[PDB]
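1. Got an experimental structure here, sequence first:
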Amino acid sequence: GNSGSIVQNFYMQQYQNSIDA
Amino acid sequence: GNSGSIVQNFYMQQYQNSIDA
Amino acid sequence: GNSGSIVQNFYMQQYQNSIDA
Amino acid sequence: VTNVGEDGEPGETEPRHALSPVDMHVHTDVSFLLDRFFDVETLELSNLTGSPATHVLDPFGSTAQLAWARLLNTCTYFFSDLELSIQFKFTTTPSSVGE
Amino acid sequence: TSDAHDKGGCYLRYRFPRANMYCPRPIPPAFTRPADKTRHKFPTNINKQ
Amino acid sequence: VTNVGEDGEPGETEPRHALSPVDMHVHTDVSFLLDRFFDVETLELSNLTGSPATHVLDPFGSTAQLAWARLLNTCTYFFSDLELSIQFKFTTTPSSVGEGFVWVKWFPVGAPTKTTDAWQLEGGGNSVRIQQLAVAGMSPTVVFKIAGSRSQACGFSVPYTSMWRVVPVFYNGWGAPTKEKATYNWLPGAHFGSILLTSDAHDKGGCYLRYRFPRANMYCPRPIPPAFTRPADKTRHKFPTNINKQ
Amino acid sequence: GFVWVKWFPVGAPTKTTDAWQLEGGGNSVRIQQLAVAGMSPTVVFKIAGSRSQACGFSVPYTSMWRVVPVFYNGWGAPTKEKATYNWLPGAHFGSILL
Amino acid sequence: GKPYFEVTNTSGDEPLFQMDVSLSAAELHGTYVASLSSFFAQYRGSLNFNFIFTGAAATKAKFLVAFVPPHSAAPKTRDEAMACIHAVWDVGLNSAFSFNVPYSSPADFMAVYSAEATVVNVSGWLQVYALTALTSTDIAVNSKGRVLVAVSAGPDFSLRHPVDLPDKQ
Amino acid sequence: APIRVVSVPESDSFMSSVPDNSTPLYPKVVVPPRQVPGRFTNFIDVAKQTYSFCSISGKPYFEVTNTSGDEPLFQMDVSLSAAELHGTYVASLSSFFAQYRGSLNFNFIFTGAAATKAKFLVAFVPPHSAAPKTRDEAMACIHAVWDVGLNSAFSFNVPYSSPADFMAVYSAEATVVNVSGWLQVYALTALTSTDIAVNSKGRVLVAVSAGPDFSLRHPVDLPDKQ
Amino acid sequence: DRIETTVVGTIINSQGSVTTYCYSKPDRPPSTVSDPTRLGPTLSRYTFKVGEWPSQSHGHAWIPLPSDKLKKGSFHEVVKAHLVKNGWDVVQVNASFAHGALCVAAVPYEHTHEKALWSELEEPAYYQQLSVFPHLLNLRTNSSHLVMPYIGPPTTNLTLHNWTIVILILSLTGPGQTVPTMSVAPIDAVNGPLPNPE
Amino acid sequence: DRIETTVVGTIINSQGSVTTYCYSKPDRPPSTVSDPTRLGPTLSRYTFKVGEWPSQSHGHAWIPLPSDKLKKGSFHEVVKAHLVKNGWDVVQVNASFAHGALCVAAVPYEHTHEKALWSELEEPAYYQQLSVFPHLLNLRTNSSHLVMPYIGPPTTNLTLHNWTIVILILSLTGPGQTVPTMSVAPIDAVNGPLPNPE
């Protein structure tokens, strides 16, 4: 979704968002 | 065209511009 | 000449400067 | 050279020591010459209240020949994206809007 | 819309990236005609003095 | 060594324990010494209204010997790009321009001129005009405010405009078929361009132009102008330095 | 408040009277001759609203000496004078004109 | 005010067409090639012109063109002009002609804007002459012949440097 | 998402020697070739491969009469702002800087009648005494003797000898680093001519070539004009 | 032996010479002239007595190759009728035993008070540096050879843009007679013709 | 098609031409000149309106290439300052449908009453034989190409010894208008220079 910049993962996806299982 | 900086693709070309086919 | 920083080529040399032949 | 004109198509002559290129035409490149923020139009903002006059970005009108106007009307059809940059020249004492 | 509206204007601007043009057309003179046989003289960078 | 002089070409002697180099000459390198924003010139901006005096970036004049002047006139022909940095020293009470937009517009060798009004910003009444050729377009404009701006300055690149394969400093001949007193050392556009400064200011401040001459190439040496009177014979000239005595 | 911090390397001349002047509507404010920009690195920073009325930069070792002697036992000039004892011509890093 | 000159059987000496070869000289005012130019500041090209003779099919005119590099003050007779670079052409079976006004000057680019006499403004003149006064089946039916002056951009021609438009003058 | 940064206090300041350019507002400007010969990259270069007349008295040369002998002929305090070395290329170049580290060379172009001979002596006096004033005093130092007649000029290399790796391109009150000494030339044999009548004096040009180990370091703005 | 015979076109023999090429060797038609004559060996072959050296305080020189002195006879006629790409080849002086030196140099030249293009103007003394522009004559060793290549900001109108030679008196003394020369000459010589002068 | 474009130096296109080499092809420096210029392509590139053809009884011709008409502008200037080895290349006439023929010939030429070297002298009728000297123009077929080689008793002073072209009216009739030409030009062009004219 609307996040097409190569800086979005400055904060790795754990801190960024959530996680399912 | 007048965009010769290596930061232009911070936003990948989908968000940047359009697309044809 | 006095440009010893590794950011000088943010603008590629076409936009930066001129060109000879 | 003997030209059998009338059928459209131009006609050249080519001298001796023809001249070498340089510049490469480049500065005449359509997409290139048009990829630069021009100062076109200029309006008046809205008060938050009441009903607005929805402004429309139609830059295919020309008239004041600021070399961007003619250039757009050198072609028939045009397809390009857009990018804008509103600025806002204060009209009175630039210290009357604290926000 | 802004609490302003007065006390200022704007200066819109356009950056036309990916400009594709089709079907040429004639290019409009933009300058009157001069006096026959001669040059038109606009004060330039160059010029004389 | 016995010198058979007169035929130009110098003549050396070479002692014993010749001395090792260090520094590598380097600090005398033409392109290098000239790649730094100098403070050259200084002007007065334009009111948005009326007709302008198109300023021209011709840094081949010299006179006030600020070691950049002499250096440019050490060569015959010069070819380099340019880069500028306008600043703007307020001249009175630095709180009288609550905005000051400044339409620094650069022009390339040959660009037309005649700039009367044609723009106008409409808003609630009043409406403030902008110079016709000042607006944005073909030749790079920069809009910077003169209020709260922690550096009322700008700055950019300006690749070599002029038609000449190289820029001749001192010309011996003339510039136009009108062998006139003026066109002697003139030559049509031995320069880098122009600049038009317009802002609601014009007064209450100046500027300090600047030049960064990257890719400076120099040709045909010339003699280097003394810059200091002659002293009293036999002796030294004494300028108060870092060193000195006390 | 523009401040013309100009650094100078060991040996640079001095004598700085007026020579610059910024013309604008009247008044015109002078700048120090050697103060302007050029050879030896100038820095122009404002003293208003500046959330740190400060600057800062590099200054590689100027002085002629292979190394800087702190305490010198001898003298600095052939004028064996009370002063030039622990002086030695330019045992330093340069100057600055503000 | 028209795109063509005439050819009568009473000409001879006089010049037929003349103009100061610079992209804002009268004739080259309305042309595509010249009107394009003004978005810029510089050109480096030799131009071509094509002479489309339109007189009766019972008319012959024969003729002469000439390029006068900058120096004198406009030669005013072929006898003066023929001593320069010129071409002669005979309508009758051709049905038009082409002449390439080259590029010769010390500067690598010239001015797309004309101004007071400079070494870089003016590239010279372009001239055409009556090397043989026109002829017709009857001087009665066919008075004059005409000729179109079309301007094709040369093969080495290019514009460099975009520039905003000044005032309208 | 958004990167985290911190401005240095300095930040929005000038910097008249920032190793890095500015924003390229005009681009793609291809530039035409240059065919001019006699081009240069380095300034030392030109002063090494080129002499320049030192200004003695107001002229670039001293005399030689058949009434000299003892007296000094030419003298000057070897420092790049000493009188003679004032008008020279090599010395005038210098003032864009602050330091030099080189031994210099001088060439003595004798211009007297072709029926004239002068024979002669040069001498370098390192700093110490207060200017020897007779060759008998000066010859006890480093010197060279030369006989015009068939030579048609001469060359002497005033070396570099001092405890400091670089000296001052600017002269000032006596320092261990200003003065490198004197340069002296003497009448080791008073001039001679076919007739004292026709040929009175002989002359000699004093040309200054940058030495082979000489270099200028440190650019510096120009002070006041004095 | 100091045999200095130099030929172009006019065989200048002259002992006196002791062959200085200024900057480079002369060269290939203009880069910027899509325009069609390699002047021949005759024509591009002259010799002007310069002046008569005399109490002339170091600084005096004999000033612009070659206008004003161009009007003097076969090459001249040609450059009359646009532009010319040509270097030069060129000094001689008549003296003796009891005699002044000259720094004769080829300048690439400011000055000539808008009365530019041959005469007797002085120079501002600092001769101290005229030895930097490729170039002496010494009466105690000889009597003469500056050979230069083409220069200008790729070709040019020689009726408006001049290689200009000078001759400064570094140090004259001896017998009371005069001490009177220079053999100028184009090399590798012009684009498109011009209207008859009628 | 009758495309007749002829170039030397000046591109003469002219339909009208129907390429007569007179005697031979032009040639190798003089046999008798142990003397040192091959005039260039510019210079040796002219076009003189000859006269205006009018009741002109067969016999009238337009007389000597090229003196008197030499003074007309770059080549001219050169032959001024001894001898020249050069052939020529050269006629055109403006007519219609309702119109006289000319025997235009290159003569190797007596006559020109010691007022020799361009004008309107008649000839003695017996045009019956002028067709023997390499050479017509016929208004019922065209409007123009005599190309000749060098001749003289091995080279010569072109200010004293002239290839001289003529144009005789074998048979004019039609509409009352005039009927006005010729594009002259040296080829393979001169020995040693001469004193300045001062």
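-> Noted; the coordinates are in hand. Residues are numbered from 1 along each chain as shown, chains lettered A, B, ... in the order given.

2. Check which helix or strand the residue of chain H found nearest chain I maps to.
-> Proximity of chain H to chain I (CB to the nearest CB) peaks at residue H:108, 4.1 Å away. Where C-beta positions appear, they are placed from N, C-alpha and C, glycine not excepted. Using DSSP states H and E, residue H:108 falls within no helix or strand.

3. residues contacting it?
-> D:22, F:163, F:164, F:165, H:44, I:32, J:31, J:32, J:154 (CB atoms under 8 Å, 6 or more residues apart in numbering or on different chains).

4. Next, work out how far apart the most centrally placed residue in chain D and chain K are.
-> By CA atoms, centre = their mean, chain D has its centre lying nearest to residue D:68, at 2.7 Å. Going from residue D:68 to chain K by CB to the nearest CB, to the nearest Å gives 43 Å.

5. Leaving out the residues flanking it, which one is nearest to that residue?
-> residue D:38 (4.2 Å; CB to CB, 6 or more residues apart in numbering or on different chains).

6. For that neighbour, name its beta-bridge partners.
-> Counting by DSSP bridges, residue D:38 forms beta bridges with residue E:14.

7. What's the local residue count around it?
-> Counted with other CB atoms under 10 Å in any protein chain shown, residues neighbouring residue D:38 total 24.

8. Who are the contact partners of it?
-> When contacts are counted by CB under 8 Å, 6+ apart, residue D:38 touches D:66, D:68, E:13, E:14, F:135, F:136, F:137.

9. cool, and residue J:26?
-> Shown in contact with residue J:26 (CB under 8 Å, 6+ apart): J:86, J:87, J:148, J:149, J:150, J:187, J:188.

10. Need the max-distance pair from those.
-> Farthest pair in the contacts of residue J:26 (CB to CB) is J:148 and J:188. Separation: 10.9 Å.

11. buried set for stretch A:1-9?
-> Within stretch A:1-9, the residues scored as buried using 16 or more other CB atoms under 10 Å in any protein chain shown are residue A:5.

12. Ok, stretch A:8-15 next?
-> Using 16+ other CB under 10 Å, none of the residues of stretch A:8-15 count as buried.

13. same check, this time on stretch D:84-99
-> Across stretch D:84-99, burial judged by 16+ other CB under 10 Å covers D:87, D:88, D:89, D:90, D:91, D:92, D:94.

14. likewise stretch H:156-169?
-> By 16+ other CB under 10 Å, the buried positions in stretch H:156-169 come out as H:156, H:157, H:158, H:159, H:160, H:161, H:162, H:163, H:164, H:165, H:166, H:167.

15. Also stretch H:59-77?
-> Buried residues in stretch H:59-77 (16+ other CB under 10 Å): H:59-72, H:75-77.

16. Stretch D:9-17 too?
-> Buried residues in stretch D:9-17 (16+ other CB under 10 Å): D:11, D:13, D:15, D:17.

17. wait, which of the residues you listed is closest to residue C:5?
-> Distances from residue C:5 to the buried residues of stretch D:9-17, taken by CB to CB, are shortest for residue D:17, at 45.1 Å.

18. and the strand or helix carrying residue J:77 with chain K, contact?
-> Applying DSSP H and E as the criterion places residue J:77 in helix J:75-80. Yes - applying CB under 8 Å from any CB of the partner chain, one finds helix J:75-80 touching chain K at J:77, J:78, J:80.

19. roughly how far apart are the nearest residue to the first one once chain neighbours are set aside and residue H:127?
-> It stands for residue J:77. Among residues not flanking residue J:77 along the chain, residue K:77 sits closest, at 4.2 Å (CB to CB, 6+ apart). Remark: distance between residue K:77 and residue H:127 (CB to CB, to the nearest Å) = 22 Å.

20. Show me which residues of stretch J:43-60 are buried.
-> J:43, J:44, J:45, J:46, J:50, J:53, J:58, J:59, J:60.

21. OK, contacts around the fifth one?
-> If I follow you right, that is residue J:50. J:62, J:91, J:167, J:181, J:182.

22. repeat that for 7 Å
-> By CB atoms under 7 Å, 6 or more residues apart in numbering or on different chains, the residues touching residue J:50 are J:62, J:181, J:182.

23. Just confirm the last one contacts residue J:46, I think it does.
-> This means residue J:182. No - Residue J:182 is beyond contact range of residue J:46, at 9.3 Å (criterion: CB atoms under 7 Å).

24. Please enumerate the shared neighbours of the two.
-> Listed as contacting both residue J:182 and residue J:46 by CB under 7 Å, 6+ apart is no residue at all.

25. before we move on, the earlier item: just flag the most distant two among the buried residues of stretch D:84-99.
-> Greatest spatial distance among the buried residues of stretch D:84-99 (CB to CB): D:87 and D:92, at 16.4 Å.

26. Can you give me the separation between the closest residue to chain B within chain D and chain A?
-> Chain D approaches chain B most closely through residue D:35 (3.8 Å), counting by CB to the nearest CB. As judged by CB to the nearest CB, residue D:35 and chain A stand 21 Å apart.

27. same deal with residue J:52?
-> Applying CB to the nearest CB, the value for residue J:52 to chain A is 82 Å.

28. Please apply the same query to residue D:61.
-> Relative to chain A, residue D:61 is positioned 33 Å away (CB to the nearest CB).

29. That residue - how many residues pack around it?
-> 11.

30. what about the residue nearest to residue D:68, distance to residue E:13?
-> For residue D:38 relative to residue E:13 (CB to CB), the value is 6 Å.

31. now residue J:198, nearest residue through space, not along the chain?
-> residue H:80 (5.3 Å).

32. part of a strand, is the one you found?
-> No - going by DSSP: H, G, I helix; E, B strand; the rest coil, the assignment for residue H:80 is helix, not a strand.

33. where do the strands sit along chain J?
-> Using DSSP state E, the strands of chain J run over J:6-7, J:11-12, J:20-21, J:87-89, J:101-107, J:137-138, J:146-148, J:164-169, J:186-187.

34. could I get those as CSV with mean neighbour count?
-> Output for the strands of chain J, formatted as CSV (neighbours: other CB atoms under 10 Å in any protein chain shown):
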stretch, mean neighbour count
strand J:6-7, 15
strand J:11-12, 14
strand J:20-21, 16
strand J:87-89, 23
strand J:101-107, 24
strand J:137-138, 24
strand J:146-148, 21
strand J:164-169, 22
strand J:186-187, 22
